[PDB]
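Peer 1: Take a look and give me a structure for this.
(chains A, B, C, D, E, F and G)
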Amino acid sequence: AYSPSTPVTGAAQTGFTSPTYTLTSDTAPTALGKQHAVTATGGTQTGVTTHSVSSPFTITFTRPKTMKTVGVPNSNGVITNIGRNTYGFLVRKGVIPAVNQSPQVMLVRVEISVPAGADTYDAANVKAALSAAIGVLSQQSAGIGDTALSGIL
Amino acid sequence: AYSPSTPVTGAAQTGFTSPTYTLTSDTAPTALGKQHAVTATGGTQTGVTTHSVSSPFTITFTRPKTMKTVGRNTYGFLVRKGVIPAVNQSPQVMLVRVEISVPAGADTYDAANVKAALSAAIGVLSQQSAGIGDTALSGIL
Amino acid sequence: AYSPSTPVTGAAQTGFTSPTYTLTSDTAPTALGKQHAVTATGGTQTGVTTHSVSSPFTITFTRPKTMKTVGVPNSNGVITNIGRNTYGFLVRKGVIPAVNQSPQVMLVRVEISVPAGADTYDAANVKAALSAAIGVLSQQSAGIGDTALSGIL
Amino acid sequence: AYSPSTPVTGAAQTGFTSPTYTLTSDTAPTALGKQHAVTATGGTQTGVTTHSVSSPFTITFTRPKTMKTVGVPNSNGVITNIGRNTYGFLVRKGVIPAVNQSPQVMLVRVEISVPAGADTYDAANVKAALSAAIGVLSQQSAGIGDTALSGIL
Amino acid sequence: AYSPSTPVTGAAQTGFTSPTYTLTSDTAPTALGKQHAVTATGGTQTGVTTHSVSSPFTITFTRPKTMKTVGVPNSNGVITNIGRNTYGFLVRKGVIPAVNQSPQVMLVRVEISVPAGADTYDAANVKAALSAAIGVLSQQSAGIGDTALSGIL
Amino acid sequence: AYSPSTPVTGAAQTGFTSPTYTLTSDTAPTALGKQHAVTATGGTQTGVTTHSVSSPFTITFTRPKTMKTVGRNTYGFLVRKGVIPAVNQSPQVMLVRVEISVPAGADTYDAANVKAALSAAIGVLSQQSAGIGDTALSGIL
Amino acid sequence: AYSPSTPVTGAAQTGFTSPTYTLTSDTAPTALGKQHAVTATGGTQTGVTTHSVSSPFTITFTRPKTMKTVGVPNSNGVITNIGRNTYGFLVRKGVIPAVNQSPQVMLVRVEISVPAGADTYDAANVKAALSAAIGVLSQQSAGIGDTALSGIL
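Peer 2: Numbering: from 1, shown residues only, chains lettered A, B, ... in the order given. Here you go:
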């Protein structure tokens, strides 16, 4: 159930005052992805470039090709091999490294590996891992940006 | 500048009412990481298990060993959660991992676009947190 | 949750009046250890040498590399092998054996072996073993020093 | 000079309110050891099991079989080999790993290695190492329990 | 005992009037290092850039992984092999070589090799070497900068 | 432009009260070096031994053989001190060596940052001189 | 007997009005050289850069490592092998080839090869070769510059 909104209220960043990003719908590279492009920016973020082909701003979310089931316990009551379905959330952003050099692609990618029997037997802990991860990310968004520029923890 | 707060307001999830997670400071596996463990949960999230030896609940953030001058510097944010796959099985480790790859000259020459990538990414994550959990259980986008 | 205080009140010893040890943070040998070193001594403990390169005074506490889970019971209801995670607490002290000899390293080392399922199922008994061990050590600290010097049990 | 008291004030632990352990004299495994066994517990430590045949609670302290003398310096004034006499303090506690499993033996063991000439020439530093080790243990008893259960350092 | 202060009063340089450097605490690359980053500059130094990831300003100080002891004299009264513990102090600074080229890393590194038995037997001469070296460095700081640019002794 | 003064005000050290070192001019080992020897000490630094044949006290500063046009030009500052390890042993040479590696185009295009690196380095060294001696004897940072 | 003066009056060049070059004393690369660096320029020469490490302005003069003597005539009254001592005078100047490219090193080098018995037996002709060479150089200095830029004789 992944469906973003037209203005996404961007997580707080150091020099940004109330930043929002307008999403336009885009066709995803796989058939297993939903992708949006950041067509325009709102808020007092100065210098932020929107989505081009050579300088992209893309938010794509993908499901695995083949689902994996939990399987069945063996003679010792132990399930031999627990595969894991991983869902992928990836942001590509055009970033300019040098004074005249051409845009490179900064990349922010998230992988959510859910074990096989998890999604059904223990859903609360799955949801809890996701909420803790995203809550820490949104809490420390500004500081993680500061670190991405400073190199300091 | 990565330093979490004692109660972390956890992102919205489907069955959770006002979920918060209490972090206790932990020693990280590398000398380049800061790690906290989820010692207790607050809010109406029934069944959620906290950090145990058998099933961990850990939030670790790491910087690269060597910085690159102008290549990519990648910073890593990883959450490990004890999740039980079957009726009597040993806990498996669900894993949510984030990698932030900043090009070399980016951090200095174009900092606004770096911060904007991070802002968009985390903002979409927090907006769709509930739906991404729904997807992690459904298998459907 | 291991974090010592700046002045550590040292356990009673025979010739010592109110002995305290100032700990300075030191970097541990492994990445899974926390180490402090005794930079200075307070109290009436005459002759006590602090940490030097030649004669160290170090207090290091380490957790195991890989934690061990309890395991799954078999058809009979029996769990086949209970591994044990051991935590280690070790003090190294520079001590001079003869009139002109190089310092030797007296060594006080504790090992706490907790079985695999214990830490979760029966935590009260784990805590009780620890509190009894450390309580007997602190009660008989002066007497154990007397023994370590006398050979008298 | 090792002789514990009838109620041993147990070191502070997380869930325990004023915990004490009654020791009953027990006969040691070697002839060079003194052993007591925890016959009963006092204080608010709920669930703590005393010494049974199936799950023991034992505190044994042993001195080495053969003491080692410092030795004679050679022509250069150097003593060739400094042996070390080690005294041993060991607590064994019955701890149950799973819901229906047989009790495992949690094990807390201390070793005090004193070099050969130390006990006579430099006794203050020996006593100081012991008092610092035991003082840090009693200061961080609750925290070391928290670590032994959490895996958190 | 290495702990710098918030404003470090920088050693005199040719074009600089009363320069100071603000240090912010940073995580060091090894577990054996303490590292600070120059987050901001004070004084009338014009053009000086502060710490970025691609243009760093870092002051890191490291101890050796394993200490070395003096050892013991052989049959002739001579100590066969005197190892040396070296401590390392290193400053990395982003410097721009060309008109549009990207920042390179100027590097100022100090190595202090202390022989094994030195640190204990002859500490005054160790301290004296350090004080003479650092005193000549601070006396000729401006002139060493002049040389770093001129190529002239 | 490296030319030391006759009494060098030595950096603060733990047991030293107002230490100064008198330099006498010496011939260097290479033709690219200027070297002085510490012929005498002033101040309350008891036990400090001056330059002898058996135990040297020397301060030598060297430029590279060939300059590099736009690679690195490294300048070297090295102090050798006679230090005695045991009760009757021969003197060992404690060694304090500094290397200043300037990139090729740096010296001309960006001189302020070069001078600033040198300023920060020497300023922290002089600020923590006493503590760095304490560390050289303790083994502890 | 080579010792230049503080302002060297530079030989006439096309666009230069009364050019002078200030020499500062420099340490030479060999032990057999005397080297000066052009620290500053006087006269109406516009665009002339002084001595840097990456853009040098150096005037170095070197003698041979080993002198050679004339030798002795053989049975036919002929001296079999007349070696030659060569003295070297070399000027290095930072010159910028492209619009943004980095400085390359223009190089003006003079070699004076004096045969062995010459320096003693026939000194007048040695001095005469030197004076004619340097006199033609100073006479055609402007024109040789014109040629160095034009490619025209």
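Peer 1: Residue A:122 is in contact with residue B:47, isn't it?
Peer 2: Yes: distance between residue A:122 and residue B:47: 7.4 Å, which falls inside the contact criterion (C-beta atoms under 8 Å). C-beta here means a position set from N, CA and C on the backbone, and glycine is covered the same way.
Peer 1: ok, these two, which is more surrounded?
Peer 2: Set side by side, residue A:122 and residue B:47 give different neighbour counts by other C-beta atoms under 10 Å in any protein chain shown, the larger being at residue A:122 (25 against 12).
Peer 1: quick one: contacts for the more buried one?
Peer 2: Residues counted as contacts of residue A:122 (C-beta atoms under 8 Å, 6 or more residues apart in numbering or on different chains) are B:47, B:83-85.
Peer 1: which of the residues you listed lies closest to chain A?
Peer 2: Ranked by distance to chain A (C-beta to the nearest C-beta), the contacts of residue A:122 are led by residue B:85 at 3.0 Å.
Peer 1: residue boundaries of the helices in chain A?
Peer 2: In chain A, the helices defined using DSSP state H lie at A:118-121, A:123-139, A:141-150.
Peer 1: Using CSV, please lay out the ones you listed together with distance to chain D.
Peer 2: Below are those laid out as CSV (distance: least, C-beta to the nearest C-beta, whole Å):
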stretch, distance to chain D
helix A:118-121, 18
helix A:123-139, 16
helix A:141-150, 23
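Peer 1: Mind telling me which residue of chain A is nearest chain F?
Peer 2: Minimum separation of chain A from chain F (C-beta to the nearest C-beta) falls at residue A:99, amounting to 13.3 Å.
Peer 1: who does residue A:40 bridge with?
Peer 2: Residues found in beta-bridge contact with residue A:40 (criterion: DSSP bridges) are residue A:22.
Peer 1: Equivalent analysis for the one 4 residues further on, please.
Peer 2: Beta bridges link residue A:44 to residue A:17, judged by DSSP bridges.
Peer 1: who's in contact with it?
Peer 2: In this structure, residue A:44 makes contact with A:16-19, judged by C-beta under 8 Å, 6+ apart.
Peer 1: for the contacts of residue A:122, which one is nearest chain E?
Peer 2: Checking the contacts of residue A:122 against chain E by C-beta to the nearest C-beta gives residue B:83 as the nearest, at 30.8 Å.
Peer 1: how near is that closest one to chain C?
Peer 2: For residue B:83, the distance to chain C equals 13 Å [C-beta to the nearest C-beta, to the nearest Å].
Peer 1: what sits opposite the residue most central in space within chain A in the beta ladder?
Peer 2: With distances taken as C-alpha atoms, centre = their mean, chain A has residue A:89 as the residue nearest its mean C-alpha position (3.5 Å). With DSSP bridges as the criterion, residue A:89 is bridged to residue A:61, residue A:110.
Peer 1: does it really touch residue A:36, like I thought?
Peer 2: No: using C-beta under 8 Å, residue A:89 and residue A:36 do not qualify as a contacting pair, with a distance of 11.5 Å.
Peer 1: which residues do the two both contact?
Peer 2: Taking C-beta under 8 Å, 6+ apart as the contact rule, residue A:89 and residue A:36 both touch A:59-60.
Peer 1: residues touching the residue nearest to the centre of chain A, list them.
Peer 2: A:59-62, A:109-112, B:121, B:124-125, B:132.
Peer 1: Likewise for residue A:113?
Peer 2: Going by C-beta under 8 Å, 6+ apart, the list of residues near residue A:113 reads A:84-86, B:94-97.
Peer 1: Spatially, which two of those residues are the most separated?
Peer 2: Between any two of the contacts of residue A:113, the greatest separation by C-beta to C-beta is 14.8 Å, found for A:85 and B:97.
Peer 1: Enumerate the residues of chain A near chain E.
Peer 2: Along chain A, the residues adjacent to chain E under the rule C-beta under 8 Å from any C-beta of the partner chain are A:97-100, A:149-153.
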